[PDB]
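Take a look at this single chain in structure tokens; it is the form deposited in one PDB entry.
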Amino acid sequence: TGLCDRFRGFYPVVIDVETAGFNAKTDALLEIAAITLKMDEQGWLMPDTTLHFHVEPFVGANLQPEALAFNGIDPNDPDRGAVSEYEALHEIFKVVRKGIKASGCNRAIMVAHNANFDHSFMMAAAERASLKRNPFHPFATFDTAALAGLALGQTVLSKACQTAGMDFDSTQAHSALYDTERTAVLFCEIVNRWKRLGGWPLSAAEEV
């Protein structure tokens, strides 16, 4: 019932980002949140550490007007308390390496909703910041859209959360932190329900 036993050594970290466009290479990263997970002694999955940052657009970044209109972010607001991509990711990576070591995992895997999008932005930013020893798997993810499709028959984040019996506040949907917390709770519910119903561990089906 160890975390390192559950996903062959993968240390799941929930991530979500807000951006200034669809291109991870050319468009600014504006917000990022991260939530590590942990298992109790019974093997139940739950949130561990939570981090969140407003991010300053990198030098040379494009800002698509439509993206800003959609997510309501204004990068030029001096009161938004933004930090550099380096500062945000350096802190996220530090927390993630420590969790990996403490739990005996060997690598982090990003958990996200339509994960590739968030993955590409995080990797692009870590590249720009010249971050060393990125604890994240280069291409593997846990896409909660697919997972929710299987478990709940829904792929839209809000609908999936509702179908899971969770709350979901539309006014907070453009916040990386809010999205990340909802996504983490969803993911945990799905993994936990699977265990509860006797799908994990694999031995359970025959016992009792």
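Counting begins at 1, following the sequence as shown. Only residues modelled in both forms are compared. The term rigid core refers to the maximal set of C-alpha atoms that superpose within 1.5 Å between the two forms.
The form deposited in another entry is left out here; the points below concern that form.
*Asks:* In a fit on the core, which one among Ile73, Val96, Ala125, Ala112 has a Cα that moves 2 Å or more between this form and the one not shown?
*Replies:* Result of the comparison: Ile73.
*Asks:* Given a core-based superposition, decide whether the C-alpha of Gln64 shifts by 2 Å or more between this form and the one not shown.
*Replies:* After core superposition, the C-alpha of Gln64 moves 2 Å or more between this form and the one not shown.
*Asks:* Using the rigid core for the fit, write out the stretches of 3 or more consecutive residues with CA shifts of 2 Å or more between this form and the one not shown, ordered by sequence.
*Replies:* After superposing the rigid core, the only shifted stretch between this form and the one not shown is 63-74.
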